[PDB]
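Chain nomenclature is as follows: A, B, C, D, E, F, G, H, I, J, K and L, assigned in order of appearance, with residue numbering initiated at 1 for each chain independently.
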Amino acid sequence: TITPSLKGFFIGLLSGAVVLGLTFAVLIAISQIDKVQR
Amino acid sequence: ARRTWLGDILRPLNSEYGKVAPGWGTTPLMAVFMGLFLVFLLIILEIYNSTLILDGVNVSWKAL
Amino acid sequence: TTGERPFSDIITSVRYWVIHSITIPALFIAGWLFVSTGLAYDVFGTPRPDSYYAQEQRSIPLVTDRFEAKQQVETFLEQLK
Amino acid sequence: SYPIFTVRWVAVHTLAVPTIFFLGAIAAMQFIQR
Amino acid sequence: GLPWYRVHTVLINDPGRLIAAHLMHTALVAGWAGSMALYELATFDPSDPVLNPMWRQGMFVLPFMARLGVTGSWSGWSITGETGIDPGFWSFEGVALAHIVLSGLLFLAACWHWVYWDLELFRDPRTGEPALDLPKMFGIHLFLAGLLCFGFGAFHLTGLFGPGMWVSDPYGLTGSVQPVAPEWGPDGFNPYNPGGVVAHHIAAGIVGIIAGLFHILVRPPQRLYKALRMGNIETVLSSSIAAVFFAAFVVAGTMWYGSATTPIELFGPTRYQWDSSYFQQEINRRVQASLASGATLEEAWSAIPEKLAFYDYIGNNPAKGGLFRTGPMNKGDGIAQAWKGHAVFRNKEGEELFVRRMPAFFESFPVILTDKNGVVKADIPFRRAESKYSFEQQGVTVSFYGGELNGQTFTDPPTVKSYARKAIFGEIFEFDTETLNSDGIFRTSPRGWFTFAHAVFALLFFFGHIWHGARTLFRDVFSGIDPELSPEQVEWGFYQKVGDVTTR
Amino acid sequence: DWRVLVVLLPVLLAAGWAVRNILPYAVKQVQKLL
Amino acid sequence: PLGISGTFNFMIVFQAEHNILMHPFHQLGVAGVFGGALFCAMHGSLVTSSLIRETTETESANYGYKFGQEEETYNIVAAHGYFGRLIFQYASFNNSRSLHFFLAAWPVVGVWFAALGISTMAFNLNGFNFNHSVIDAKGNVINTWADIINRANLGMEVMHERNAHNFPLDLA
Amino acid sequence: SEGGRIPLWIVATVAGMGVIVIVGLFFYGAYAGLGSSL
Amino acid sequence: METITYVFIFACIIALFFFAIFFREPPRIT
Amino acid sequence: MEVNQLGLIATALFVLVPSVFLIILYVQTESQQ
Amino acid sequence: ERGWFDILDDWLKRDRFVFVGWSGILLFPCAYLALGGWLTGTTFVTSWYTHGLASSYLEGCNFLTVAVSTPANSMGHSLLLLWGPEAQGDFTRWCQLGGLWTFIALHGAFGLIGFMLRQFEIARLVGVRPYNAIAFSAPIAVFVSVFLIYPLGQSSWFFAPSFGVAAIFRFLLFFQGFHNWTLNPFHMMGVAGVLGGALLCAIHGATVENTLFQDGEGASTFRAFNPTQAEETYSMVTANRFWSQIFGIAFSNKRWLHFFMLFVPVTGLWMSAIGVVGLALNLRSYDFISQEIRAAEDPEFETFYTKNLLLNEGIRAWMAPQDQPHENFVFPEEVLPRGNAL
Amino acid sequence: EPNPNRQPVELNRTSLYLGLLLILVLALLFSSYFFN
């Protein structure tokens, strides 16, 4: 049974995944644009 | 070095010092299991903490 | 040096001060109005000077239950007439 | 010669922007009466 | 020469003497368990499992033998109070003996491996250098751990081939060793469900068998081998220490909060059972049920088991001790002899009053009596000259129901105040304070001592992980930084990427 | 809620005013890093 | 008193009678000794982190320095290069003289203020008193953490030297 | 535009005076309104 | 017994001071 | 005073065992060349 | 292999004004949120529903009396997640229930981990030994033992320290009255480490500054030093002779000196952490049993130990009702311990 | 069959003094709690 707190747990999981996902998305993007010269 | 009957039997088990798999190998599969494990710890932590409350799971001595 | 423009360069440039003679007071005034409209009380749930107690009570509205604490605070807030 | 929007620019403003907003909020508080 | 704090590093490249050192450590730890168990058996009093259980007597390893099914002595008693039992060889004495014998065998093995250190098995077959293939060793050992984990859960805990484990009712009154079936649903993750303990070991054991086979057959990726320094045994020490302090924090927490593997009949009540009047509520409910069923006050209270009343006493709260108050709890308040019965206080108007109980925070506490609504009706004053609530002014009396003082009432102020002082501790007991020369000051139980030692060791091992992790990742600069360090590597700008000379 | 707009409005006009004064160089900085 | 528990007695009674915890000179004193211990570990760890390799791994690195040697025993440039990147470049010293001066001055100045706190509370200029400073619209007292400190201070005051006062004010 | 126009000492002096203004306002508020004990 | 113990430990420390000052390893310049 | 009488031997071994350790190490260092 | 991982690694480790690194992905959000939560809470958020206290600039508190206070005792050790079952996603209720406290404490703990990872990360890139990270284990042991283990041993987060100046002073006084913490030998060792550290800091700084070589002509001696010079800037030989003749002993090994300077404060903080772990369980050094037996039987026996207990008893009885409002202590005037007159 | 990993051990005189001082001071600190 999906209790309210189990729903809240899933919301917590999705929120953190979204936050980590955008963070790495932006970072990978910016690292591809501004490369180091060797 | 000294050879023994048991040492000869076990020799193959200590013969691949330094042998690696090329590149990243199974790292991405490892990362999947680490993430699954992190979610598992979170679940059992929050059950014990009464932050995650499930039907029929009564976190109390009264569960005998 | 790490390549960014020196701070002493930037903060003595007219262009810096053209921009920040606006952006700084605008933020300050936004902060003032956050309080003066009373919006800060409602966002954070902080009592106004007239809402710590009901007129004749002298007991603290202390939260005493874990999972009904939200409802307890809501009940304390109703009793302010 | 120099860029404008760097990591340093972001670090400076994530601190400086709320600081100014908070100082205005706390300045207003000095005129609240009970 | 070597400084004193490095003498044991001579084993790093000597696998055979490393095994010898590890054998000697194992022999010492096994001998400690055997000798601790013998000492406890020479001091343990088995004659009263109700008011003098093992946790009142400072027993530390006895509860760990009982938890997994060792409950009896060759001399014929068991910890649940039975007499005339035959435990077979696996009595408390047989377990202690087995550990002593194991200690001696491991000592002999350690000597053999110390003298015969240069075994061909420890040499790399290609280079002839000492070498241990740690990734394959990990899979072998994890595989053995998985098998052992699985057999523990599947055979010992279930009773299929073994005794089971200690289980009790929610009030710690009827504990015994019982076969336990696994719980496979979500309640298996409830810390208080013993069934989850069984299921965990079967399921994690299987997973360890599988992961063991994987780690035997699949070599490490080159990128992880280099990053974690898997040719360096000290990387294993660093991560092993981290696992161990993780485990230590977990066993400290479950000991303090309670769980199915830390029963109160083996380790004593928890502090939180006093904070929430856990036992006092069950006692009241039983008395209500009796009164509601027509019994008198004396019959309702006399039906309360002495073992249940004894839990409702702050002297058994493990949060009441002190760091240098040593010894068993019996050395403090005494050896408990009998429930005196439940004290009921009344004032001159006949109102029932209730003593405010001592919170665990307070070494001392005033004596204050309220009515059912929490209004103060009587107290023991400090300044007498403006007292209004003295027992003398308010006509406070006390009557006892159940226990040894059943049916008696006392009205003289000094005697009433005496029992009121005791009542801040909960239920009132008679104690033998002479046998051990008890000093009257509370001590903590094995639950308290276990938790303290393991939280302290866990925190200290955190430093060990940091230290050995640092030595693994910075082995190249352990003796100092490069004497020819170019100022350009550490000054700003010269390299686009810090520490990367190809980015000049 | 109108107080939300009374508070954000000084911040929003500050965002647009700094964009006016910086967009020529901003487009020029983004262009050079391409 | 010239004793260990006597010291504690002195501190506790001092708190009751002067609220030293709320005095800024005691607060500067705490900054002094907390700061001094922080910078102590700081300086020790940086210099130890940049010792120049002069020894093998089986010997103490301390034998790599010889008493009276002319040349420095660690690379301050490498230390500055580490600490500058830990914070930012201009938060790090590269002048050993002004670094060591800062190490001298910070705990010394802080302890001067601590000594002056005791010396000025000797003449009863006491710590900040915010007892009942926050009042609601009707005039009810709204307690702050300062008022909780006052409750603790009162318990110290009413019990200290329990037989030595005959009149209601403890004026010295 | 070009960094250098406004001398640093005038910047320092004007920013210093703003600090003193805003801190003085906070000390004024210790004696008036909320938290003044009156 | 406990008084003797405290004074004994204290006396050993004062003895240790003496040897640490007068029978130290001499610092030698090189 | 009713002190814990084990305090005596506890203190004595606390001093003696580690002190003796240090003395052994020191003396065998002097005797090396 | 120059895949996305390696390109990301390149960008994270660029030499910029603020180094970022891989550790910065953890460090910067968690540090920023913990600091922002403290400033947000001390400016706007009350403690009225959890403690019965005003605690923000909004309410009239000043810099000494604002705090982010601990949650109500009734929350136990709840994580108090914003989306958890107590606040149920309501940001305002969450603030009123004490959610900012676990927010700061938990983001702070992970921030501290991130800072220590940063010390490791930068040290490995520059090529120095990682003793700065090792020394930072002592602040981490303190934070973890005081803000996490200690309340976890007690009934609830309520008894953790609150994040404020005067709230921490209350924490000091609570520890005297209830735990007799000044008597605890693990605190004593911590005091020795902190005061000895401050001492070493002052004395080494002063010794260097007063044994400088004259390497310039100016009366300001700071200029006569060059970061890349090979020579010591001060005389170890003269410093050694001075202290040997003033104090009896002196440092003669400069590498030992600076290791010792790491050792002393770091060991002190670690010792104090251990004692607070004991206090989590109320395992106090509260009493000397021998003193109490004598004093119970001999009403003329008085020491500074027994005098201080009476002070502790005053603290407990006079502060407990206001400091523990959920307990509902009602102590009539006649039960309060008081000396004569006062 | 001599093991090649053996190494001499050292404790210099200053370390002896430092170590003895630590142990005596620790004993002086903890003795009161042992007697209690």
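Everything below uses one rule, namely that contacts are C-beta pairs under 8 Å (C-beta built on N, C-alpha and C of every residue); 3 or more make two chains touch, one makes a residue touch a chain.
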Graph separation of chain K and chain L (steps between touching chains): 1
Innermost chain, where centres are averages of C-alpha coordinates: K
Higher-contact pair (C-beta pairs counted), C-H versus C-G: C-H
Between chain D and chain F, centroid-to-centroid distance (C-alpha), Å: 15
Between chain L and chain H, distance of the C-alpha-averaged centres to the nearest whole Å: 58
Separation of mean Cα positions, chain I and chain F [Å, integer]: 72
Centre distance in Å when chain H and chain J are each reduced to the mean of their C-alpha atoms: 64
Residues within chain I bordering two or more other chains: 2, 5, 9, 12, 20, 24, 27, 29
Sites on chain C at which at least two other chains make contact: 2-5, 15, 27, 29-30, 33-35, 40, 49, 52, 66
Shared interface positions of chain B, touching two or more other chains: 23-24, 43, 46, 50-51, 53-54
Complex interface listing, chain C residues touching chain D: 3-5, 24, 27-36, 40, 49
Contacting residues of chain K [partner chain C, same complex]: 15-17, 44-46, 48-50, 52, 56, 58-59, 72, 74-76, 78, 85-88, 90-93, 95-97, 325-326
Interfacial residue positions of chain J with respect to chain E in the complex: 4, 25, 29, 32
Residue ranges of chain C touching chain K (in the complex, touch as defined): 2-4, 35, 40-47, 52, 60-67, 69-70, 73, 76
Complex contacts: residues of chain E adjacent to chain B: 116, 118-125, 128, 131-133, 136-137, 140, 167-171, 185-187, 189-194, 218-225, 231, 257-258, 273, 278
